[PDB]
$ cat model37.json   # JSON, C-alpha atoms
[["chain", "number", "residue", "atom", "x", "y", "z"],
["A", 1, "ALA", "CA", 119.90, 57.00, 103.05],
["A", 2, "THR", "CA", 117.52, 59.87, 103.68],
["A", 3, "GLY", "CA", 114.07, 59.49, 105.25],
["A", 4, "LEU", "CA", 112.37, 62.53, 106.74],
["A", 5, "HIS", "CA", 113.49, 65.51, 104.67],
["A", 6, "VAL", "CA", 112.71, 69.10, 103.80],
["A", 7, "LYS", "CA", 111.43, 70.53, 100.57],
["A", 8, "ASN", "CA", 109.86, 73.91, 99.86],
["A", 9, "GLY", "CA", 110.21, 74.90, 103.51],
["A", 10, "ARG", "CA", 108.16, 71.96, 104.80],
["A", 11, "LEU", "CA", 108.84, 68.56, 106.36],
["A", 12, "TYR", "CA", 108.10, 65.43, 104.38],
["A", 13, "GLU", "CA", 108.33, 61.70, 104.78],
["A", 14, "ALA", "CA", 110.39, 59.85, 102.15],
["A", 15, "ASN", "CA", 107.20, 58.92, 100.26],
["A", 16, "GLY", "CA", 106.32, 62.59, 99.70],
["A", 17, "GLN", "CA", 103.71, 62.91, 102.43],
["A", 18, "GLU", "CA", 103.99, 66.13, 104.43],
["A", 19, "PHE", "CA", 104.47, 65.56, 108.17],
["A", 20, "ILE", "CA", 103.06, 68.12, 110.62],
["A", 21, "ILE", "CA", 104.47, 67.47, 114.08],
["A", 22, "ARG", "CA", 101.94, 67.33, 116.92],
["A", 23, "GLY", "CA", 103.57, 66.11, 120.12],
["A", 24, "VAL", "CA", 105.12, 66.72, 123.49],
["A", 25, "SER", "CA", 108.47, 66.53, 125.23],
["A", 26, "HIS", "CA", 109.14, 63.65, 127.67],
["A", 27, "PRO", "CA", 111.91, 64.05, 130.26],
["A", 28, "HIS", "CA", 113.56, 60.67, 129.71],
["A", 29, "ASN", "CA", 116.98, 61.60, 131.03],
["A", 30, "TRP", "CA", 115.59, 62.65, 134.41],
["A", 31, "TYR", "CA", 112.93, 59.94, 134.61],
["A", 32, "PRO", "CA", 114.43, 56.77, 133.11],
["A", 33, "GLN", "CA", 111.84, 54.66, 134.94],
["A", 34, "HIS", "CA", 108.88, 56.22, 133.11],
["A", 35, "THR", "CA", 109.21, 54.63, 129.69],
["A", 36, "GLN", "CA", 105.43, 53.92, 129.75],
["A", 37, "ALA", "CA", 105.17, 57.56, 128.61],
["A", 38, "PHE", "CA", 105.78, 56.58, 124.96],
["A", 39, "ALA", "CA", 102.64, 54.44, 124.74],
["A", 40, "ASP", "CA", 100.67, 56.93, 126.84],
["A", 41, "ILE", "CA", 101.58, 59.90, 124.63],
["A", 42, "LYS", "CA", 100.53, 57.95, 121.51],
["A", 43, "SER", "CA", 97.26, 56.93, 123.19],
["A", 44, "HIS", "CA", 96.22, 60.61, 123.34],
["A", 45, "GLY", "CA", 96.90, 61.10, 119.62],
["A", 46, "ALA", "CA", 100.40, 62.55, 119.42],
["A", 47, "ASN", "CA", 102.45, 61.66, 116.35],
["A", 48, "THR", "CA", 105.83, 62.71, 117.79],
["A", 49, "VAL", "CA", 107.67, 62.64, 121.11],
["A", 50, "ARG", "CA", 110.63, 64.93, 121.83],
["A", 51, "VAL", "CA", 112.96, 62.99, 124.14],
["A", 52, "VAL", "CA", 115.23, 64.65, 126.66],
["A", 53, "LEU", "CA", 118.68, 63.08, 126.50],
["A", 54, "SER", "CA", 122.01, 64.07, 128.00],
["A", 55, "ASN", "CA", 125.50, 63.99, 126.53],
["A", 56, "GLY", "CA", 126.86, 63.76, 130.10],
["A", 57, "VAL", "CA", 128.11, 67.37, 130.34],
["A", 58, "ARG", "CA", 125.47, 68.47, 132.85],
["A", 59, "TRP", "CA", 123.43, 65.32, 133.52],
["A", 60, "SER", "CA", 124.09, 61.58, 133.21],
["A", 61, "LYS", "CA", 124.75, 60.48, 129.65],
["A", 62, "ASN", "CA", 122.25, 58.31, 127.82],
["A", 63, "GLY", "CA", 124.38, 55.55, 126.36],
["A", 64, "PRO", "CA", 123.85, 53.73, 123.06],
["A", 65, "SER", "CA", 121.81, 50.80, 124.41],
["A", 66, "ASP", "CA", 119.53, 53.22, 126.25],
["A", 67, "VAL", "CA", 119.05, 55.34, 123.12],
["A", 68, "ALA", "CA", 118.41, 52.19, 121.07],
["A", 69, "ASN", "CA", 115.68, 51.31, 123.56],
["A", 70, "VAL", "CA", 114.15, 54.79, 123.30],
["A", 71, "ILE", "CA", 114.08, 54.57, 119.50],
["A", 72, "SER", "CA", 112.46, 51.12, 119.71],
["A", 73, "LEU", "CA", 109.75, 52.48, 122.03],
["A", 74, "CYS", "CA", 109.02, 55.35, 119.66],
["A", 75, "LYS", "CA", 108.78, 52.96, 116.72],
["A", 76, "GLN", "CA", 106.68, 50.29, 118.47],
["A", 77, "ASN", "CA", 104.28, 53.04, 119.56],
["A", 78, "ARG", "CA", 104.18, 54.56, 116.05],
["A", 79, "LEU", "CA", 105.71, 57.86, 117.10],
["A", 80, "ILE", "CA", 108.36, 59.92, 115.30],
["A", 81, "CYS", "CA", 111.21, 60.27, 117.80],
["A", 82, "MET", "CA", 112.84, 63.71, 118.12],
["A", 83, "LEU", "CA", 115.98, 63.18, 120.22],
["A", 84, "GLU", "CA", 117.58, 66.23, 121.83],
["A", 85, "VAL", "CA", 120.72, 66.93, 123.88],
["A", 86, "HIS", "CA", 119.58, 69.07, 126.81],
["A", 87, "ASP", "CA", 123.03, 69.93, 128.18],
["A", 88, "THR", "CA", 123.53, 72.87, 125.79],
["A", 89, "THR", "CA", 120.80, 74.87, 127.51],
["A", 90, "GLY", "CA", 121.75, 78.49, 128.12],
["A", 91, "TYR", "CA", 125.36, 78.24, 127.01],
["A", 92, "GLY", "CA", 127.23, 81.48, 127.62],
["A", 93, "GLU", "CA", 125.10, 82.25, 130.69],
["A", 94, "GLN", "CA", 124.31, 78.89, 132.31],
["A", 95, "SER", "CA", 127.26, 77.55, 134.25],
["A", 96, "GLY", "CA", 128.56, 74.19, 132.99],
["A", 97, "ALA", "CA", 126.49, 74.12, 129.79],
["A", 98, "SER", "CA", 127.66, 72.07, 126.81],
["A", 99, "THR", "CA", 128.65, 73.63, 123.48],
["A", 100, "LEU", "CA", 126.99, 72.47, 120.25],
["A", 101, "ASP", "CA", 130.31, 70.87, 119.26],
["A", 102, "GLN", "CA", 130.16, 68.71, 122.42],
["A", 103, "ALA", "CA", 126.59, 67.77, 121.53],
["A", 104, "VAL", "CA", 127.85, 66.72, 118.06],
["A", 105, "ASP", "CA", 130.58, 64.58, 119.64],
["A", 106, "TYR", "CA", 127.77, 62.68, 121.44],
["A", 107, "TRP", "CA", 125.62, 62.34, 118.33],
["A", 108, "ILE", "CA", 128.70, 60.84, 116.59],
["A", 109, "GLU", "CA", 129.14, 58.37, 119.50],
["A", 110, "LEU", "CA", 125.52, 57.29, 118.89],
["A", 111, "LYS", "CA", 126.05, 56.94, 115.11],
["A", 112, "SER", "CA", 125.61, 53.16, 114.99],
["A", 113, "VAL", "CA", 122.22, 53.35, 116.78],
["A", 114, "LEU", "CA", 121.01, 56.27, 114.65],
["A", 115, "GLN", "CA", 122.07, 55.38, 111.10],
["A", 116, "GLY", "CA", 119.26, 53.63, 109.27],
["A", 117, "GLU", "CA", 116.62, 55.37, 111.39],
["A", 118, "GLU", "CA", 116.16, 58.46, 109.17],
["A", 119, "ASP", "CA", 112.48, 57.70, 108.57],
["A", 120, "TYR", "CA", 111.83, 57.61, 112.31],
["A", 121, "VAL", "CA", 114.22, 59.90, 114.12],
["A", 122, "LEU", "CA", 114.80, 63.65, 114.02],
["A", 123, "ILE", "CA", 118.01, 64.95, 115.64],
["A", 124, "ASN", "CA", 117.53, 68.19, 117.64],
["A", 125, "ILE", "CA", 121.20, 69.06, 117.95],
["A", 126, "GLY", "CA", 121.11, 70.88, 121.26],
["A", 127, "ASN", "CA", 118.34, 72.41, 123.33],
["A", 128, "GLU", "CA", 118.23, 76.23, 123.60],
["A", 129, "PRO", "CA", 121.93, 76.39, 122.95],
["A", 130, "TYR", "CA", 122.61, 79.94, 124.05],
["A", 131, "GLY", "CA", 121.40, 82.05, 126.95],
["A", 132, "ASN", "CA", 121.47, 85.85, 126.61],
["A", 133, "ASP", "CA", 125.20, 86.59, 126.76],
["A", 134, "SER", "CA", 125.79, 88.80, 123.73],
["A", 135, "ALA", "CA", 129.18, 87.53, 122.61],
["A", 136, "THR", "CA", 127.98, 83.91, 122.52],
["A", 137, "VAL", "CA", 124.55, 84.70, 121.03],
["A", 138, "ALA", "CA", 126.49, 86.39, 118.20],
["A", 139, "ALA", "CA", 128.07, 83.00, 117.43],
["A", 140, "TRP", "CA", 124.72, 81.17, 117.09],
["A", 141, "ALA", "CA", 124.78, 81.08, 113.29],
["A", 142, "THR", "CA", 128.43, 80.10, 112.85],
["A", 143, "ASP", "CA", 128.36, 77.53, 115.69],
["A", 144, "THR", "CA", 125.10, 76.00, 114.40],
["A", 145, "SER", "CA", 126.34, 75.89, 110.79],
["A", 146, "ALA", "CA", 129.56, 74.25, 111.99],
["A", 147, "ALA", "CA", 127.62, 71.63, 113.98],
["A", 148, "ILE", "CA", 125.44, 70.84, 110.96],
["A", 149, "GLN", "CA", 128.54, 70.55, 108.76],
["A", 150, "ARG", "CA", 130.23, 68.18, 111.20],
["A", 151, "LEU", "CA", 127.17, 65.94, 111.34],
["A", 152, "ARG", "CA", 126.92, 65.82, 107.53],
["A", 153, "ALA", "CA", 130.64, 65.04, 107.21],
["A", 154, "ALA", "CA", 130.21, 62.25, 109.80],
["A", 155, "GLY", "CA", 127.59, 60.65, 107.50],
["A", 156, "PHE", "CA", 124.34, 61.72, 109.17],
["A", 157, "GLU", "CA", 121.49, 62.09, 106.71],
["A", 158, "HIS", "CA", 118.69, 62.63, 109.21],
["A", 159, "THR", "CA", 116.69, 65.82, 109.25],
["A", 160, "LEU", "CA", 118.30, 68.02, 111.87],
["A", 161, "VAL", "CA", 116.39, 70.38, 114.17],
["A", 162, "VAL", "CA", 118.17, 73.45, 115.49],
["A", 163, "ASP", "CA", 117.15, 75.62, 118.40],
["A", 164, "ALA", "CA", 117.41, 79.37, 118.86],
["A", 165, "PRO", "CA", 119.54, 81.50, 121.20],
["A", 166, "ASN", "CA", 118.10, 83.54, 124.12],
["A", 167, "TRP", "CA", 117.10, 80.35, 125.93],
["A", 168, "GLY", "CA", 115.29, 79.20, 122.80],
["A", 169, "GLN", "CA", 112.97, 82.22, 122.62],
["A", 170, "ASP", "CA", 115.03, 84.25, 120.10],
["A", 171, "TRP", "CA", 113.90, 87.59, 121.55],
["A", 172, "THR", "CA", 116.90, 89.21, 119.80],
["A", 173, "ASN", "CA", 115.60, 87.72, 116.53],
["A", 174, "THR", "CA", 119.06, 86.29, 115.85],
["A", 175, "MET", "CA", 117.67, 83.00, 114.53],
["A", 176, "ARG", "CA", 114.93, 84.89, 112.70],
["A", 177, "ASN", "CA", 117.41, 87.08, 110.85],
["A", 178, "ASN", "CA", 120.23, 84.56, 110.29],
["A", 179, "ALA", "CA", 118.33, 81.32, 109.63],
["A", 180, "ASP", "CA", 118.96, 81.77, 105.90],
["A", 181, "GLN", "CA", 122.76, 81.53, 106.46],
["A", 182, "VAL", "CA", 122.33, 78.41, 108.60],
["A", 183, "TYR", "CA", 119.94, 76.74, 106.19],
["A", 184, "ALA", "CA", 122.43, 77.43, 103.37],
["A", 185, "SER", "CA", 125.14, 75.62, 105.36],
["A", 186, "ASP", "CA", 123.23, 72.32, 105.09],
["A", 187, "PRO", "CA", 123.73, 71.33, 101.44],
["A", 188, "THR", "CA", 121.06, 68.63, 101.77],
["A", 189, "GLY", "CA", 118.49, 71.17, 102.95],
["A", 190, "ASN", "CA", 117.40, 68.80, 105.72],
["A", 191, "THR", "CA", 117.41, 71.28, 108.56],
["A", 192, "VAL", "CA", 114.41, 72.60, 110.48],
["A", 193, "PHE", "CA", 114.46, 75.60, 112.83],
["A", 194, "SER", "CA", 112.73, 75.36, 116.20],
["A", 195, "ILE", "CA", 111.40, 78.26, 118.26],
["A", 196, "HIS", "CA", 110.48, 77.91, 121.96],
["A", 197, "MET", "CA", 107.59, 80.15, 122.93],
["A", 198, "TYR", "CA", 107.28, 81.20, 126.53],
["A", 199, "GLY", "CA", 107.02, 84.67, 128.13],
["A", 200, "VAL", "CA", 108.47, 86.55, 125.19],
["A", 201, "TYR", "CA", 105.36, 85.39, 123.28],
["A", 202, "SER", "CA", 102.50, 86.65, 125.43],
["A", 203, "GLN", "CA", 101.35, 88.90, 122.57],
["A", 204, "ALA", "CA", 99.55, 87.42, 119.58],
["A", 205, "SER", "CA", 101.05, 89.93, 117.14],
["A", 206, "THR", "CA", 104.58, 88.84, 118.11],
["A", 207, "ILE", "CA", 103.71, 85.16, 117.68],
["A", 208, "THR", "CA", 102.13, 85.71, 114.27],
["A", 209, "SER", "CA", 104.99, 87.92, 113.10],
["A", 210, "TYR", "CA", 107.53, 85.26, 113.99],
["A", 211, "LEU", "CA", 105.70, 82.32, 112.43],
["A", 212, "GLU", "CA", 104.83, 84.20, 109.25],
["A", 213, "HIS", "CA", 108.41, 85.37, 108.82],
["A", 214, "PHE", "CA", 109.51, 81.75, 108.49],
["A", 215, "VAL", "CA", 106.55, 80.63, 106.38],
["A", 216, "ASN", "CA", 106.84, 83.58, 103.98],
["A", 217, "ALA", "CA", 110.57, 82.97, 103.50],
["A", 218, "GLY", "CA", 110.35, 79.20, 103.10],
["A", 219, "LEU", "CA", 112.42, 78.68, 106.29],
["A", 220, "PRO", "CA", 111.23, 75.39, 107.85],
["A", 221, "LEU", "CA", 110.00, 75.90, 111.37],
["A", 222, "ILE", "CA", 108.47, 74.11, 114.31],
["A", 223, "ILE", "CA", 107.38, 75.43, 117.71],
["A", 224, "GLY", "CA", 109.55, 72.86, 119.55],
["A", 225, "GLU", "CA", 108.47, 73.96, 123.02],
["A", 226, "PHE", "CA", 105.67, 76.16, 124.31],
["A", 227, "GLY", "CA", 103.77, 76.65, 127.56],
["A", 228, "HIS", "CA", 100.42, 78.13, 128.60],
["A", 229, "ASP", "CA", 99.06, 81.47, 129.80],
["A", 230, "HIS", "CA", 99.08, 80.64, 133.53],
["A", 231, "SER", "CA", 102.76, 79.93, 133.20],
["A", 232, "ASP", "CA", 105.84, 82.04, 133.76],
["A", 233, "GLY", "CA", 105.75, 84.81, 131.17],
["A", 234, "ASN", "CA", 102.21, 83.94, 130.07],
["A", 235, "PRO", "CA", 102.69, 82.65, 126.52],
["A", 236, "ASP", "CA", 99.43, 82.87, 124.55],
["A", 237, "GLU", "CA", 98.92, 79.16, 123.87],
["A", 238, "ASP", "CA", 95.57, 79.74, 122.13],
["A", 239, "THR", "CA", 97.32, 81.88, 119.51],
["A", 240, "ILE", "CA", 100.32, 79.59, 119.28],
["A", 241, "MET", "CA", 98.13, 76.55, 118.61],
["A", 242, "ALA", "CA", 95.71, 78.33, 116.30],
["A", 243, "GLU", "CA", 98.50, 79.88, 114.21],
["A", 244, "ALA", "CA", 100.44, 76.62, 114.04],
["A", 245, "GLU", "CA", 97.27, 74.99, 112.69],
["A", 246, "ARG", "CA", 96.57, 77.85, 110.26],
["A", 247, "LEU", "CA", 100.12, 77.91, 108.93],
["A", 248, "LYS", "CA", 100.49, 74.12, 109.04],
["A", 249, "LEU", "CA", 103.45, 74.21, 111.39],
["A", 250, "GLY", "CA", 104.57, 71.53, 113.80],
["A", 251, "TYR", "CA", 104.29, 72.13, 117.53],
["A", 252, "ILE", "CA", 105.58, 70.28, 120.58],
["A", 253, "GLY", "CA", 104.32, 71.25, 124.03],
["A", 254, "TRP", "CA", 106.37, 71.16, 127.23],
["A", 255, "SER", "CA", 105.97, 68.73, 128.90],
["A", 256, "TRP", "CA", 104.50, 65.29, 129.69],
["A", 257, "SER", "CA", 105.19, 65.28, 133.45],
["A", 258, "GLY", "CA", 107.91, 65.66, 136.06],
["A", 259, "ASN", "CA", 108.54, 69.38, 135.95],
["A", 260, "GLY", "CA", 110.74, 70.61, 138.75],
["A", 261, "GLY", "CA", 109.62, 73.18, 141.30],
["A", 262, "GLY", "CA", 109.37, 76.32, 139.11],
["A", 263, "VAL", "CA", 107.43, 74.64, 136.25],
["A", 264, "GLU", "CA", 104.98, 72.13, 137.71],
["A", 265, "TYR", "CA", 102.15, 73.97, 136.00],
["A", 266, "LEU", "CA", 103.72, 72.68, 132.76],
["A", 267, "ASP", "CA", 102.97, 69.05, 133.64],
["A", 268, "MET", "CA", 100.44, 67.58, 131.19],
["A", 269, "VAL", "CA", 99.72, 64.57, 133.37],
["A", 270, "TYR", "CA", 100.17, 64.13, 137.11],
["A", 271, "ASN", "CA", 103.10, 61.95, 138.16],
["A", 272, "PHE", "CA", 103.45, 60.24, 134.77],
["A", 273, "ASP", "CA", 99.98, 58.70, 135.00],
["A", 274, "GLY", "CA", 98.62, 58.82, 131.45],
["A", 275, "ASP", "CA", 95.02, 58.60, 132.69],
["A", 276, "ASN", "CA", 95.31, 61.68, 134.91],
["A", 277, "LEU", "CA", 95.50, 64.81, 132.80],
["A", 278, "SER", "CA", 96.01, 68.28, 134.22],
["A", 279, "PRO", "CA", 94.14, 71.28, 132.79],
["A", 280, "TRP", "CA", 97.21, 71.89, 130.58],
["A", 281, "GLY", "CA", 97.23, 68.28, 129.39],
["A", 282, "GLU", "CA", 93.50, 68.62, 128.60],
["A", 283, "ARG", "CA", 94.12, 71.89, 126.78],
["A", 284, "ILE", "CA", 96.96, 70.73, 124.53],
["A", 285, "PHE", "CA", 95.50, 67.31, 123.75],
["A", 286, "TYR", "CA", 91.76, 67.97, 123.69],
["A", 287, "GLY", "CA", 91.22, 71.72, 123.32],
["A", 288, "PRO", "CA", 90.91, 73.84, 120.18],
["A", 289, "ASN", "CA", 93.68, 73.12, 117.66],
["A", 290, "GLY", "CA", 94.85, 70.35, 120.04],
["A", 291, "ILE", "CA", 96.82, 67.21, 119.36],
["A", 292, "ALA", "CA", 93.95, 64.71, 119.41],
["A", 293, "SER", "CA", 91.87, 66.75, 116.95],
["A", 294, "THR", "CA", 94.64, 67.69, 114.53],
["A", 295, "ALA", "CA", 97.43, 65.13, 114.63],
["A", 296, "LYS", "CA", 98.02, 62.53, 111.96],
["A", 297, "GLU", "CA", 100.31, 59.53, 112.45],
["A", 298, "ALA", "CA", 103.37, 59.40, 110.21],
["A", 299, "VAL", "CA", 102.60, 57.24, 107.17],
["A", 300, "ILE", "CA", 105.86, 55.31, 107.56],
["A", 301, "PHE", "CA", 104.15, 53.23, 110.29],
["A", 302, "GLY", "CA", 101.63, 51.89, 107.78]]

$ encode --input "model37.json" --output "structure tokens"
Amino acid sequence: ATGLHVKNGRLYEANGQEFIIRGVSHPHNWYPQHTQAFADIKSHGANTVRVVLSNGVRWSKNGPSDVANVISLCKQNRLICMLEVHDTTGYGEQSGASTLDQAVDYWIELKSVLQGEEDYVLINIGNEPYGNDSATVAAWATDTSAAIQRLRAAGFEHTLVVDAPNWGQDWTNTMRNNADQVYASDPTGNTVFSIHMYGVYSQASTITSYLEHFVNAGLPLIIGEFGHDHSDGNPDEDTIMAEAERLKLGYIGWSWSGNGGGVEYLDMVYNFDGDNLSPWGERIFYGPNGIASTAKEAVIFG
């Protein structure tokens, strides 16, 4: 059966209610001991958590019982669970990265824990699946279409979320200009594109151009990751959040806590303590166009 699905370029629950994602990523794979994050993220108003998983290619694989637990924690905390395979990051440039086909192999291994959860779980096939290597970026559309087709043939009916090349930032506009081909490859239409906005998006005009391209064409889109202006590259988070609100687009900030050395400024809370927000946590949850003021829980929980 289908649950979350796409119609007219937007994301809807099975009952016809539009769902506008307002959440954050949680680094589950690297911090398996911090499963209190699910409740904490909901307590600040989020309606979705993007969960970092591994297929085992680069990090330690999250097995079926672990993923079942994650899904149960999302559901008990009334959060839509967006699962993502992080090992694909930077393929073609990053040494030892997974392909999208290897991510699909892993999703198929998890089939029994995912089927029946289409109202609650979104499958983000692979994080930022290409780096900047030209020959592999050129395969983004055909590799992504192939991955979607494999999932559909394996019986998956969930809405699928697909990331862009160029480390998710699509500065070559490959996803922008070929998303129509990829969307066509999913006969169900239950595919959503996800842009990651970091340093490429320090200018408001570039942000607005990108978001409006998708809205004007009816190409479903979320801002699946974004940072703030004191961060590497200086993304304009005020514009990202304001435009997402104006255009009624989902957004997911990076990240709850636990950033490694280069991106500690992207921690929303200090050391996974939900009561200790950083300035970034305060900004994304409680500032203008923030999660607490704009987010609505998915109606499936009622």

$ closest_residue --input "model37.json" --among "A:125, A:64, A:14, A:21" --to "residue 291 in chain A" --atoms "only C-alpha atoms"
A:21

$ closest_atom_pairs --input "model37.json" --of "range 119-147 of chain A" --to "range 87-98 of chain A" --cutoff "12 Å" --atoms "only C-alpha atoms" --output "CSV"
residue,atom,partner,partner_atom,distance
A:124,CA,A:88,CA,11.2
A:125,CA,A:88,CA,9.0
A:126,CA,A:88,CA,5.5
A:127,CA,A:89,CA,5.4
A:128,CA,A:89,CA,4.9
A:129,CA,A:88,CA,4.8
A:130,CA,A:91,CA,4.4
A:131,CA,A:90,CA,3.8
A:132,CA,A:93,CA,6.5
A:133,CA,A:92,CA,5.6
A:134,CA,A:92,CA,8.4
A:135,CA,A:92,CA,8.1
A:136,CA,A:92,CA,5.7
A:137,CA,A:92,CA,7.8
A:138,CA,A:92,CA,10.6
A:139,CA,A:92,CA,10.3
A:140,CA,A:91,CA,10.4
A:143,CA,A:91,CA,11.7
A:144,CA,A:88,CA,11.9

$ residues_near_point --input "model37.json" --point "(118.1, 58.3, 114.5)" --cutoff "12 Å" --atoms "all atoms listed in the file" --output "VMD selection string"
chain A and resid 1 to 4 51 64 67 to 72 74 to 75 80 to 84 107 to 108 110 to 125 156 to 160

$ write_last_selection --input "model37.json" --atoms "C-alpha atoms" --output "short mmCIF file (atom, residue, chain, number, x, y, z; two decimals), in the coordinates of the input"
data_model
loop_
_atom_site.label_atom_id
_atom_site.label_comp_id
_atom_site.auth_asym_id
_atom_site.auth_seq_id
_atom_site.Cartn_x
_atom_site.Cartn_y
_atom_site.Cartn_z
CA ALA A 1 119.90 57.00 103.05
CA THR A 2 117.52 59.87 103.68
CA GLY A 3 114.07 59.49 105.25
CA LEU A 4 112.37 62.53 106.74
CA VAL A 51 112.96 62.99 124.14
CA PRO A 64 123.85 53.73 123.06
CA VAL A 67 119.05 55.34 123.12
CA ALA A 68 118.41 52.19 121.07
CA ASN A 69 115.68 51.31 123.56
CA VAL A 70 114.15 54.79 123.30
CA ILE A 71 114.08 54.57 119.50
CA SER A 72 112.46 51.12 119.71
CA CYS A 74 109.02 55.35 119.66
CA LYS A 75 108.78 52.96 116.72
CA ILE A 80 108.36 59.92 115.30
CA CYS A 81 111.21 60.27 117.80
CA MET A 82 112.84 63.71 118.12
CA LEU A 83 115.98 63.18 120.22
CA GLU A 84 117.58 66.23 121.83
CA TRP A 107 125.62 62.34 118.33
CA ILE A 108 128.70 60.84 116.59
CA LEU A 110 125.52 57.29 118.89
CA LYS A 111 126.05 56.94 115.11
CA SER A 112 125.61 53.16 114.99
CA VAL A 113 122.22 53.35 116.78
CA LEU A 114 121.01 56.27 114.65
CA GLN A 115 122.07 55.38 111.10
CA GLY A 116 119.26 53.63 109.27
CA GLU A 117 116.62 55.37 111.39
CA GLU A 118 116.16 58.46 109.17
CA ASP A 119 112.48 57.70 108.57
CA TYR A 120 111.83 57.61 112.31
CA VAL A 121 114.22 59.90 114.12
CA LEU A 122 114.80 63.65 114.02
CA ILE A 123 118.01 64.95 115.64
CA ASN A 124 117.53 68.19 117.64
CA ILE A 125 121.20 69.06 117.95
CA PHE A 156 124.34 61.72 109.17
CA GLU A 157 121.49 62.09 106.71
CA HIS A 158 118.69 62.63 109.21
CA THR A 159 116.69 65.82 109.25
CA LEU A 160 118.30 68.02 111.87
#

$ residues_around --input "model37.json" --residues "range 22-32 of chain A" --least-positions-apart "5" --cutoff "9 Å" --atoms "all atoms listed in the file" --output "PDB file with C-alpha atoms, in the frame of the given file"
ATOM      1  CA  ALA A  37     105.170  57.560 128.610  1.00  0.00           C
ATOM      2  CA  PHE A  38     105.780  56.580 124.960  1.00  0.00           C
ATOM      3  CA  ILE A  41     101.580  59.900 124.630  1.00  0.00           C
ATOM      4  CA  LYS A  42     100.530  57.950 121.510  1.00  0.00           C
ATOM      5  CA  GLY A  45      96.900  61.100 119.620  1.00  0.00           C
ATOM      6  CA  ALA A  46     100.400  62.550 119.420  1.00  0.00           C
ATOM      7  CA  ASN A  47     102.450  61.660 116.350  1.00  0.00           C
ATOM      8  CA  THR A  48     105.830  62.710 117.790  1.00  0.00           C
ATOM      9  CA  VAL A  49     107.670  62.640 121.110  1.00  0.00           C
ATOM     10  CA  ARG A  50     110.630  64.930 121.830  1.00  0.00           C
ATOM     11  CA  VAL A  51     112.960  62.990 124.140  1.00  0.00           C
ATOM     12  CA  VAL A  52     115.230  64.650 126.660  1.00  0.00           C
ATOM     13  CA  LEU A  53     118.680  63.080 126.500  1.00  0.00           C
ATOM     14  CA  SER A  54     122.010  64.070 128.000  1.00  0.00           C
ATOM     15  CA  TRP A  59     123.430  65.320 133.520  1.00  0.00           C
ATOM     16  CA  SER A  60     124.090  61.580 133.210  1.00  0.00           C
ATOM     17  CA  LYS A  61     124.750  60.480 129.650  1.00  0.00           C
ATOM     18  CA  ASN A  62     122.250  58.310 127.820  1.00  0.00           C
ATOM     19  CA  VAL A  70     114.150  54.790 123.300  1.00  0.00           C
ATOM     20  CA  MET A  82     112.840  63.710 118.120  1.00  0.00           C
ATOM     21  CA  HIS A  86     119.580  69.070 126.810  1.00  0.00           C
ATOM     22  CA  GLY A 224     109.550  72.860 119.550  1.00  0.00           C
ATOM     23  CA  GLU A 225     108.470  73.960 123.020  1.00  0.00           C
ATOM     24  CA  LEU A 249     103.450  74.210 111.390  1.00  0.00           C
ATOM     25  CA  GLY A 250     104.570  71.530 113.800  1.00  0.00           C
ATOM     26  CA  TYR A 251     104.290  72.130 117.530  1.00  0.00           C
ATOM     27  CA  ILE A 252     105.580  70.280 120.580  1.00  0.00           C
ATOM     28  CA  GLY A 253     104.320  71.250 124.030  1.00  0.00           C
ATOM     29  CA  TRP A 254     106.370  71.160 127.230  1.00  0.00           C
ATOM     30  CA  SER A 255     105.970  68.730 128.900  1.00  0.00           C
ATOM     31  CA  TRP A 256     104.500  65.290 129.690  1.00  0.00           C
ATOM     32  CA  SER A 257     105.190  65.280 133.450  1.00  0.00           C
ATOM     33  CA  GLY A 258     107.910  65.660 136.060  1.00  0.00           C
ATOM     34  CA  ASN A 259     108.540  69.380 135.950  1.00  0.00           C
ATOM     35  CA  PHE A 285      95.500  67.310 123.750  1.00  0.00           C
ATOM     36  CA  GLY A 290      94.850  70.350 120.040  1.00  0.00           C
ATOM     37  CA  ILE A 291      96.820  67.210 119.360  1.00  0.00           C
ATOM     38  CA  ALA A 292      93.950  64.710 119.410  1.00  0.00           C
ATOM     39  CA  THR A 294      94.640  67.690 114.530  1.00  0.00           C
ATOM     40  CA  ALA A 295      97.430  65.130 114.630  1.00  0.00           C
ATOM     41  CA  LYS A 296      98.020  62.530 111.960  1.00  0.00           C
TER      42      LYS A 296
END

$ atom_distance --input "model37.json" --atom1 "CA of residue 232 in chain A" --atom2 "CA of residue 103 in chain A"
28.0 Å

$ closest_residue --input "model37.json" --among "A:19, A:44, A:183, A:246" --to "residue 208 in chain A" --atoms "all atoms listed in the file"
A:246

$ atom_distance --input "model37.json" --atom1 "CA of residue 202 in chain A" --atom2 "CA of residue 226 in chain A"
11.0 Å

$ closest_residue --input "model37.json" --among "A:301, A:270, A:106, A:210" --to "residue 13 in chain A" --atoms "only C-alpha atoms"
A:301

$ closest_residue --input "model37.json" --among "A:267, A:177, A:99, A:283" --to "residue 58 in chain A" --atoms "only C-alpha atoms"
A:99

$ closest_residue --input "model37.json" --among "A:219, A:11, A:192, A:240" --to "residue 206 in chain A" --atoms "only C-alpha atoms"
A:240

$ atom_distance --input "model37.json" --atom1 "CA of residue 8 in chain A" --atom2 "CA of residue 195 in chain A"
19.0 Å

$ closest_residue --input "model37.json" --among "A:141, A:176, A:169, A:187" --to "residue 216 in chain A" --atoms "only C-alpha atoms"
A:176

$ residues_near_point --input "model37.json" --point "(99.3, 82.4, 112.9)" --cutoff "8 Å" --atoms "all atoms listed in the file" --output "ChimeraX atom specification"
/A:207-209,211-212,239-240,242-247

$ axis_aligned_box --input "model37.json" --around "range 230-234 of chain A" --padding-each-side "3 Å" --output "lines of an AutoDock Vina configuration file"
center_x = 102.5
center_y = 82.4
center_z = 131.9
size_x = 12.8
size_y = 10.9
size_z = 9.7
